[PDB]
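J.: Got a structure for you, questions after.
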Amino acid sequence: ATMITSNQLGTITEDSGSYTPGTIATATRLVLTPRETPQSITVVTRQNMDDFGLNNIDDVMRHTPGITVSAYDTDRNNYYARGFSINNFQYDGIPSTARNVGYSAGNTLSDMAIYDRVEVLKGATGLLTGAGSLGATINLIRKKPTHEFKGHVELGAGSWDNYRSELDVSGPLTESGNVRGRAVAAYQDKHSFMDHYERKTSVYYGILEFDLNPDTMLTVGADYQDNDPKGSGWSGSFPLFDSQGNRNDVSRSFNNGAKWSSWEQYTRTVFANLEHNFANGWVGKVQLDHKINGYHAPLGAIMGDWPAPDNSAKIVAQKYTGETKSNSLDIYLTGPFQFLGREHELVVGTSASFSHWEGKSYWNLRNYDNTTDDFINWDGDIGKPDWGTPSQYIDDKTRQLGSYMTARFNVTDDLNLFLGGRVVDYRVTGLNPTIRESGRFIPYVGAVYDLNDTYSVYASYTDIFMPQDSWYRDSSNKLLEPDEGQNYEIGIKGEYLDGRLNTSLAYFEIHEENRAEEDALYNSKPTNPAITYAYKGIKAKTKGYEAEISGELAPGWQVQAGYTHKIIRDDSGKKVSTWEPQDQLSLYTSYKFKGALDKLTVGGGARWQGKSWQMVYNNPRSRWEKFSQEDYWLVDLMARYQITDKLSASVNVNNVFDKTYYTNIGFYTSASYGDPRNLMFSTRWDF
Amino acid sequence: XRXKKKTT
Ligand SMILES: *C(=O)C1CCNc2c(NC(=O)CCC(=O)O)cc3cc(O)c(O)cc3[n+]21
């Protein structure tokens, strides 16, 4: 018929083995091609994740172009987006409130085995997502059930006793098709080059659809991922400084962690939602959502200038437990709007979210000896001390509301205007100095002009803010106004062949307001409660350019790659985010062969980042020290052979040259090495 | 940042 392989969220990727995307509504909730989208965008398709064996999300952020994957500890990584740290995840267009990573749970790792694509929206997301963070907003998208039947089961084992396996099954459940359903689940247990670390995750998910015509699908389902790591290290992989001695040298596989230390993060969620097709040529969607992010973290690790002369080092132990539920109501109407001349479109919409995070933390240990026989050569084996009584409780509930409305006017059959905004109110009624904000306006303004039938240009003023935590207060005792910012963008995009190939390069400049910087002088802290410690709020500026291609480079030649020049400093200040390389080159590509051996595909890619540095502190000598990560040229090859019409055979080797490099260097004075040469064989479906 | 208490 009208060839509906697309949808509300936008044309799917589990088909067109083309690394380039189809239509993303992730920006204005209004379906649009990339070119028709006036904000910087970069998306990892499914045929891409597949080719390179990008199993968990991390394995995507590493391969996403423009983003930098830095680490904290074994089970915690951070994503760098345009000078800032990405901290906004949007599942099927829905944001999440597992905001704080100190008590991280679920976000930094989601087995892809269930999504069709992960669309990252660079710039200022505020329009759709409420309070959030500058940089980018990740946006996973689940697998929606297939009309005709389809499914598969994949196995596969990689290095360090890395074994995994999923199973995808979808189709109709009644002749007519009034009802369609899909179920998928995967299992993965792997160790690591690092000693005693052996995490195992598992994910189940079931989604279904209920037709009735314009009484369009009352689709519903629920997913659940469970990460139970053991031997989890914490903050870095090893302490940068020994007792007082200079630097510390240690195997690529040392692990400050405790054999028993682990950071179990789990997330289960349920959604329900029915879309409706109105006759005016308009459609309105309504969705409910119940999700929960819990965390079971009984950490145990050795930290702090510790390889002491007598070869022994003390170790901090601490336990953190917590779950955090959330309900979300999001309804929206989006369709053709006649004003004059020709039809335009609006997308009136309002949302609501009721979260509730409660949790404990134990660090008032009892009857414990945290000293260790010897440092060097150690398999993080120490007693799992008895955590006394919770030493800090947590009972906070946030009620973020807000309504929005976006306009896609077109003065000319080339130039279209984007007027619109999202107002909002934030309420975090909890156990600490109650705070809330309301009536703040987040604006959305952009326009695209169609030059040749090919290239086109856009400009944009995206915005976003974030009511800050209570920790942050100023000289007096006021929580520095919310951390806000706007992304000033201008670039030109270009598509070729209905949308098989797609290019774009733009100039983005971000301006940060009230950035939370630790007040300095303030040691001679005068009486007032804000006493002890207080931060100040100073302005920051982030400017840079970005360019990346993606799509059908030839006949069956897929390629996606990008380069990004970034620089960020604070009011006539220094360079902040010195770890996120000022320049980065990402290039990934696969080619299927012609006739001769058209039963074989080959691919590979490479990333590059210029000098990376951090500013630590050598307590033992008080003298501050610099640390730089020379250069980065990482390459990885892949290959896959379709031996039978139904049954694939492939193999990826992720760090060809085995580049001994650093992933983090200035975290609480630690460091973590980099996945040395990976290797993973796989086999596709059937029997 | 975020709030509390690894060694201090
Ligand atoms: C405060 O003590 C800190 C140190 C800096 N930030 C930070 C982060 N990460 C961020 O949100 C900023 C991005 C970055 O440069 O890292 C995470 C955490 C997590 C925990 O658990 C703790 O204790 C501190 C912390 N901080």
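Residue numbers start at 1 in each chain; chains themselves are named A, B, ... in the order of the structure tokens; ligands are numbered from 1 in the order shown.
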Kindly determine which residues of chain A lie within 8 Å of chain B, considering only C-alpha atoms, and give the answer as a list in words.
T.: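 Those within range of chain B come out as residues 100, 101, 102, 316, 318 and 471 of chain A.
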J.: Find the nearest atom pair between each residue of chain A and ligand 1 for residues within 9 Å, count only C-alpha atoms and all ligand atoms, give distances in Å to one decimal, sort rows by chain and ascending number, and present the table as a Markdown table.
T.:
| residue | atom | partner | partner_atom_place_in_ligand_line | distance |
| --- | --- | --- | --- | --- |
| A:70 | CA | ligand 1 | 16 (O) | 8.5 |
| A:71 | CA | ligand 1 | 16 (O) | 8.5 |
| A:72 | CA | ligand 1 | 16 (O) | 7.5 |
| A:78 | CA | ligand 1 | 16 (O) | 7.0 |
| A:79 | CA | ligand 1 | 13 (C) | 8.8 |
| A:80 | CA | ligand 1 | 13 (C) | 8.4 |
| A:84 | CA | ligand 1 | 13 (C) | 7.6 |
| A:85 | CA | ligand 1 | 13 (C) | 5.6 |
| A:86 | CA | ligand 1 | 13 (C) | 8.7 |
| A:87 | CA | ligand 1 | 11 (O) | 8.3 |
| A:100 | CA | ligand 1 | 11 (O) | 7.5 |
| A:101 | CA | ligand 1 | 19 (C) | 5.6 |
| A:102 | CA | ligand 1 | 21 (O) | 3.0 |
| A:103 | CA | ligand 1 | 21 (O) | 6.1 |
| A:104 | CA | ligand 1 | 21 (O) | 7.8 |
| A:235 | CA | ligand 1 | 21 (O) | 8.1 |
| A:577 | CA | ligand 1 | 15 (O) | 6.8 |
| A:579 | CA | ligand 1 | 15 (O) | 8.4 |
| A:666 | CA | ligand 1 | 15 (O) | 8.9 |
| A:667 | CA | ligand 1 | 16 (O) | 7.3 |
| A:668 | CA | ligand 1 | 4 (C) | 7.4 |
J.: Excluding same-chain residues fewer than 2 positions from residue 611 in chain A, what lies within 8 Å of it counting only C-alpha atoms, as an MDAnalysis selection string?
T.: chainID A and resid 581 609 613 628:632
J.: Give me, as an NGL selection string, all polymer residues having an atom no more than 9 Å from residue 599 in chain A, counting only C-alpha atoms and skipping those fewer than 2 positions away in the same chain.
T.: :A and (592-597 or 601 or 640-644)
J.: Hey, can you spit out that residue selection with N, CA and C atoms as a PDB file, in the first residue's frame?
T.:
ATOM      1  N   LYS A 592      29.547  -5.286   1.530  1.00  0.00           N
ATOM      2  CA  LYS A 592      29.184  -6.645   1.177  1.00  0.00           C
ATOM      3  C   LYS A 592      29.818  -6.852  -0.195  1.00  0.00           C
ATOM      4  N   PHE A 593      30.210  -8.079  -0.517  1.00  0.00           N
ATOM      5  CA  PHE A 593      30.836  -8.316  -1.808  1.00  0.00           C
ATOM      6  C   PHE A 593      29.884  -8.664  -2.938  1.00  0.00           C
ATOM      7  N   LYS A 594      30.358  -8.445  -4.165  1.00  0.00           N
ATOM      8  CA  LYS A 594      29.573  -8.696  -5.363  1.00  0.00           C
ATOM      9  C   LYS A 594      29.792 -10.089  -5.921  1.00  0.00           C
ATOM     10  N   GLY A 595      28.722 -10.625  -6.512  1.00  0.00           N
ATOM     11  CA  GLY A 595      28.737 -11.948  -7.116  1.00  0.00           C
ATOM     12  C   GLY A 595      29.755 -12.899  -6.523  1.00  0.00           C
ATOM     13  N   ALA A 596      30.946 -12.908  -7.123  1.00  0.00           N
ATOM     14  CA  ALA A 596      32.057 -13.758  -6.693  1.00  0.00           C
ATOM     15  C   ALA A 596      31.779 -14.469  -5.364  1.00  0.00           C
ATOM     16  N   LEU A 597      31.698 -13.679  -4.299  1.00  0.00           N
ATOM     17  CA  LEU A 597      31.435 -14.189  -2.964  1.00  0.00           C
ATOM     18  C   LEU A 597      30.455 -13.241  -2.272  1.00  0.00           C
ATOM     19  N   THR A 601      30.529 -10.380   3.891  1.00  0.00           N
ATOM     20  CA  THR A 601      30.588  -8.946   4.191  1.00  0.00           C
ATOM     21  C   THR A 601      31.784  -8.683   5.102  1.00  0.00           C
ATOM     22  N   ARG A 640      31.768 -11.118   8.485  1.00  0.00           N
ATOM     23  CA  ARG A 640      30.611 -11.988   8.657  1.00  0.00           C
ATOM     24  C   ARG A 640      30.272 -12.759   7.389  1.00  0.00           C
ATOM     25  N   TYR A 641      30.050 -14.066   7.520  1.00  0.00           N
ATOM     26  CA  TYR A 641      29.724 -14.912   6.369  1.00  0.00           C
ATOM     27  C   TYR A 641      28.380 -15.602   6.505  1.00  0.00           C
ATOM     28  N   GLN A 642      27.508 -15.374   5.534  1.00  0.00           N
ATOM     29  CA  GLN A 642      26.182 -15.970   5.530  1.00  0.00           C
ATOM     30  C   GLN A 642      26.355 -17.322   4.862  1.00  0.00           C
ATOM     31  N   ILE A 643      26.642 -18.338   5.657  1.00  0.00           N
ATOM     32  CA  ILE A 643      26.859 -19.660   5.111  1.00  0.00           C
ATOM     33  C   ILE A 643      25.604 -20.323   4.614  1.00  0.00           C
ATOM     34  N   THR A 644      24.468 -19.995   5.209  1.00  0.00           N
ATOM     35  CA  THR A 644      23.208 -20.583   4.762  1.00  0.00           C
ATOM     36  C   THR A 644      22.163 -19.494   4.695  1.00  0.00           C
TER      37      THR A 644
END
J.: Quick one: residues within 9 Å of residue 92 in chain A, only C-alpha atoms, excluding same-chain residues fewer than 2 positions away - as number ranges by chain?
T.: A: 9, 26, 90, 94-95, 139-142
J.: Export, as a PDB file, in the first residue's frame, the selected residues with C-alpha atoms.
T.:
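Saved as part_13.pdb:
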ATOM      1  CA  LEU A   9       8.559   7.500  16.305  1.00  0.00           C
ATOM      2  CA  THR A  26      12.776  12.732  18.716  1.00  0.00           C
ATOM      3  CA  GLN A  90      14.842   9.057  26.851  1.00  0.00           C
ATOM      4  CA  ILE A  94      10.228   9.267  27.742  1.00  0.00           C
ATOM      5  CA  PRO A  95      12.891  10.816  29.998  1.00  0.00           C
ATOM      6  CA  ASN A 139      17.124   8.174  23.120  1.00  0.00           C
ATOM      7  CA  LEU A 140      16.738   4.431  22.944  1.00  0.00           C
ATOM      8  CA  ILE A 141      13.769   3.006  21.020  1.00  0.00           C
ATOM      9  CA  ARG A 142      12.288  -0.416  21.605  1.00  0.00           C
TER      10      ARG A 142
END
J.: Considering only C-alpha atoms, return as a PyMOL selection string whatever protein or nucleic-acid residues lie within 7 Å of residue 18 in chain A, sequence-local ones (same chain, fewer than 6 positions apart) excluded.
T.: chain A and resi 47+551-552+558
J.: Would you save the residues of that selection, restricted to N, CA, C and O atoms, as a CSV table (one decimal), in the first residue's frame?
T.:
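Saved file out_32.csv follows:
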chain,number,residue,atom,x,y,z
A,47,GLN,N,21.2,-2.0,11.9
A,47,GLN,CA,22.0,-2.7,11.0
A,47,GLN,C,23.5,-2.4,11.4
A,47,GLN,O,24.4,-3.1,11.0
A,551,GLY,N,25.3,6.6,5.7
A,551,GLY,CA,24.4,6.0,4.7
A,551,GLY,C,25.0,5.1,3.6
A,551,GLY,O,26.1,4.6,3.8
A,552,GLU,N,24.3,5.0,2.5
A,552,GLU,CA,24.7,4.1,1.4
A,552,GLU,C,25.8,4.8,0.6
A,552,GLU,O,25.5,5.6,-0.3
A,558,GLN,N,28.2,0.6,3.4
A,558,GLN,CA,27.7,1.4,4.5
A,558,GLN,C,28.9,2.0,5.2
A,558,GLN,O,29.9,1.4,5.5
J.: Between CA of residue 500 in chain A and CA of residue 553 in chain A, what distance in Å does the model show, to one decimal?
T.: 8.3 Å
J.: Go through A:338, A:327, A:586, A:74 and flag the residue nearest residue 233 in chain A, using only C-alpha atoms for the distances.
T.: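 Answer, going by the shortest atom-to-atom distance: A:74.
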J.: Quick one: residues within 6 Å of residue 182 in chain A, only C-alpha atoms counted, chain neighbours fewer than 2 positions away excluded, as an MDAnalysis selection string?
T.: chainID A and resid 145 169:170 206:207
J.: Those same residues, written as an mmCIF file, in the first residue's frame with N, CA, C and O atoms?
T.:
data_model
loop_
_atom_site.group_PDB
_atom_site.id
_atom_site.type_symbol
_atom_site.label_atom_id
_atom_site.label_comp_id
_atom_site.auth_asym_id
_atom_site.auth_seq_id
_atom_site.Cartn_x
_atom_site.Cartn_y
_atom_site.Cartn_z
ATOM 1 N N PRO A 145 6.591 -4.914 17.476
ATOM 2 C CA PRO A 145 6.168 -6.164 16.827
ATOM 3 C C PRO A 145 5.959 -6.018 15.334
ATOM 4 O O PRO A 145 5.506 -4.968 14.861
ATOM 5 N N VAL A 169 11.537 -12.846 18.885
ATOM 6 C CA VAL A 169 10.401 -13.493 18.241
ATOM 7 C C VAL A 169 9.200 -12.547 18.177
ATOM 8 O O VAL A 169 8.708 -12.082 19.214
ATOM 9 N N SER A 170 8.721 -12.279 16.959
ATOM 10 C CA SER A 170 7.586 -11.380 16.760
ATOM 11 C C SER A 170 6.637 -11.803 15.644
ATOM 12 O O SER A 170 7.004 -12.572 14.767
ATOM 13 N N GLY A 206 8.531 -7.999 26.762
ATOM 14 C CA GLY A 206 7.390 -8.423 25.977
ATOM 15 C C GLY A 206 6.555 -7.221 25.590
ATOM 16 O O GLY A 206 6.171 -6.421 26.447
ATOM 17 N N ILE A 207 6.279 -7.082 24.299
ATOM 18 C CA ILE A 207 5.474 -5.963 23.816
ATOM 19 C C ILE A 207 4.373 -6.462 22.868
ATOM 20 O O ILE A 207 4.585 -7.405 22.109
#
J.: Assign secondary structure with DSSP using the backbone only, and return the residues of range 123-262 of chain A in strand (DSSP E or B) as an MDAnalysis selection string.
T.: chainID A and resid 123 135:138 140:142 150:154 157:158 162:172 179:189 200:210 218:228 241 247 257
J.: Given the choices A:435, A:352, A:1, A:501, which gets closest to residue 403 in chain A if the distance is worked out from only C-alpha atoms?
T.: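 Nearest candidate to residue 403 in chain A out of A:435, A:352, A:1, A:501: A:352.
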J.: Would you mind reading off the distance between CA of residue 106 in chain A and CA of residue 122 in chain A, one decimal, in Å?
T.: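 These two atoms are separated by 21.6 Å.
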